[PDB]
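For reference, the structure is listed below as structure tokens.
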Ligand SMILES: Nc1ncnc2c1ncn2[C@@H]1O[C@H](COP(=O)(O)OP(=O)(O)O)[C@@H](O)[C@H]1O
Ligand SMILES: [Zn+2]
Ligand SMILES: [Zn+2]
């Protein structure tokens, strides 16, 4: 009688409509409803016999677009929970989970694809006639060889006009075409690749395959993590169940795709960024109907429906790209784990450098670890008192030339762009710390001051180091200053190129300097690189962002096993003003896992994630000012709201690395409800504003 309908609007509620008699429609189905004078597509959240709004103002539902729900029960429950946890409007959440074509109210069914083909006559006709009809002979000559899809005519030189003219002469016609892989699926033969550790990992996952279990597959690069994924998948597909494989945004390489395609005598569906809406819907349907054995995709592939999902694999579990930074700011990994729990299936998280969140979860009961085991010389250069050219010390340049004149490649790594730096003395290594809290000052040269972020303290930029008297105070964490402009005159006629995602000149080998700011794609290798230098180690060690050391440790550990693998002797050089920094020392001589153990214990002392939960609230006001006051009002509304516990820790209005406030709490659930209540009632009108649960900051 009454349908509670969700719309793709920035409002956290459902609009009511009347259900005319005869119109069958459950929750999870799409509807066409009136909205003002115009018309809108919506989703039925709930169907009640009851009454909610003024009954007379209730307009009826214009059309029921789906007979059956477009989300499954567990996926539906997942999205309901995600909306509650991320505090994002239920309508936007639900519509974001659907393909574009289904958002627009089109049928949830596979569109037929049509082709032109040469008729019986067109195959034999004297090619002496069309020799005066312009494009039609070219159109038919192509048709002689094979069919031509309609969505490909635009890539050719003859058009639909040339083809429809052949149609009228009876020489071309239009037709379209109509699938069970489980029968005739060969589990492959005993072929016996797996080693001891690999087989144990496969066995352990197999022995618990009929329930939920979150596994961390922790192994260094080359240990054969992918090989375990492939074997696990074989078992799952042997049960006639489907699989989802998630990779980072840059992970869908032709080599990776070919690897999966060749291993499985079963359909593999790849959700890459080049697909159009039809192709995406087609893939969505193939998965929903159980026709796709394996789906490979990136962050959004999490929302794909499955007739019978049997396993989830997330490769490069630590990658940032699993966190959506625009609109609905969900984390694909967490939601995937949630999805695995509700469906009661295994999820396998794979990384050579697992997130601290993940290692914490393993240390506690949450995840189970399966480990895989099975040279590169490293130098630490002291920048203190060194005359730099392009941020490069004499010692590094000396090593660089010895690699370049040997006709080899060199990679330099930097700290992206836009990040706000710390300030230190180039001569004695003094760092600007806040006097109140032991926290590094963030340098704001555009604002002419140093600002604390753990507390809120103002201090002007010193002209000289107060410790040693030197004027050579430098900003650390700046690499956007077009390094090539200084590298070209330092390295004459040597080609300079950027890695960050035509550039097949890298595969040519020879003397070359490569510049990167982010971690490299899986399988994507640089065999001609024999020297890797990590510039601005200080930017990572003295950042206001508490996760910078983690990201650096990951970057360092990745690139530590890519300096010309097996073939040539690789060299890793790090430049820093503090060579004997304890954290850095642990990383360099003990490895990532030991860094992680120490970093994790320091997170506990400082009461930081993953030991606590975080929620950010950002604001962007043109007014540069007043906006902090809006957050000041929101701070006070957050104070006395039921649930104080003298555990809730709120950072007052502090500018970002744009303004923000920070909420911290030992309990994830409690912090959710504190935000739930404070957002339920909002007092002053918002003109300035986003909400970020579990922020990765970067
Ligand atoms: N046991 C193996 N079988 C096949 N290929 C392997 C094996 N070990 C390593 N490789 C190759 O080395 C690269 C990285 O190893 P991979 O098996 O993907 O493990 P990981 O996922 O830990 O990097 C891949 O490109 C892969 O082709
Ligand atoms: Zn401070
Ligand atoms: Zn000094």
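In the entry's author numbering, the protein residues as written are 2 to 179, 183 to 378, 385 to 511, 523 to 678, 687 to 717, 722 to 731.
Even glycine gets a Cβ: it sits at the ideal position worked out from N, Cα and C.
For residue i, which three-state DSSP category applies?
i	result
residue 397	coil
residue 342	helix
residue 233	helix
residue 392	strand
residue 16	strand
residue 566	coil
residue 273	strand
residue 688	strand
residue 325	helix
residue 694	strand
residue 155	helix
residue 114	coil
residue 572	helix
residue 523	coil
residue 597	strand
residue 67	coil
residue 528	coil
residue 150	strand
residue 663	coil
residue 44	strand
Where does the unbroken alpha helix (DSSP H) through residue i begin, and where does it stop?
i	result
residue 562	558–562
residue 94	91–97
residue 705	697–709
residue 5	Looking at the DSSP string, residue 5 is not in any alpha helix (DSSP H); the run it does join, the beta strand (DSSP E), is 3–7.
residue 555	That residue, residue 555, is in no alpha helix (DSSP H); its beta strand (DSSP E) goes 550–555.
residue 264	258–267
residue 362	360–367
residue 615	613–626
Regarding residue i and ligand 3, is the C-beta to nearest heavy atom distance less than 8 angstroms?
i	result
residue 392	no
residue 447	no
residue 437	yes
residue 477	yes
residue 670	no
residue 440	yes
residue 480	yes
Would you say residue i touches ligand 2, meaning its beta carbon is less than 8 angstroms from a heavy atom?
i	result
residue 459	no
residue 464	yes
residue 30	no
residue 467	yes
Does ligand 1 have even one heavy atom less than 8 angstroms from the beta-carbon of residue i?
i	result
residue 259	yes
residue 224	yes
residue 229	yes
residue 289	no
residue 203	no
residue 265	no
residue 588	no
residue 544	yes
residue 192	no
residue 583	no
Any heavy atom of ligand 4 within a distance shorter than 8 angstroms of the CB on residue i?
i	result
residue 318	Here the bound small molecules are ligand 1, ligand 2 and ligand 3; ligand 4 is not part of this structure.
Let me check understanding here. Comparing Cα to Cα, which of the options lies closest to residue i?
i	options	result
residue 200	118, 228 and 698	228
residue 627	693, 652, 616 and 36	693
residue 128	225, 138, 47 and 154	138
residue 590	551, 237, 578 and 296	551
residue 81	46, 710 and 530	46
residue 594	94, 263, 422 and 630	422
residue 437	326, 392 and 449	392
residue 364	619, 378 and 586	619
residue 609	135, 555, 659 and 565	555
residue 245	209, 296 and 280	296
residue 27	53, 573 and 77	77
residue 79	183, 309, 640 and 12	309
residue 614	574, 528, 666 and 293	574
residue 567	635, 726, 172 and 525	635
residue 40	63, 360 and 340	63
Since residue i is in the beta strand (DSSP E), which residue starts that stretch and which ends it?
i	result
residue 191	Per DSSP, residue 191 belongs to no beta strand (DSSP E) and is neither H nor E.
residue 77	That residue, residue 77, is in no beta strand (DSSP E); its alpha helix (DSSP H) goes 74–86.
residue 649	Here residue 649 belongs to no beta strand (DSSP E); instead the alpha helix (DSSP H) covers 648–660.
Can you tell me which residues form a DSSP beta bridge with residue i?
i	result
residue 350	217
residue 508	536
residue 469	460
residue 61	19
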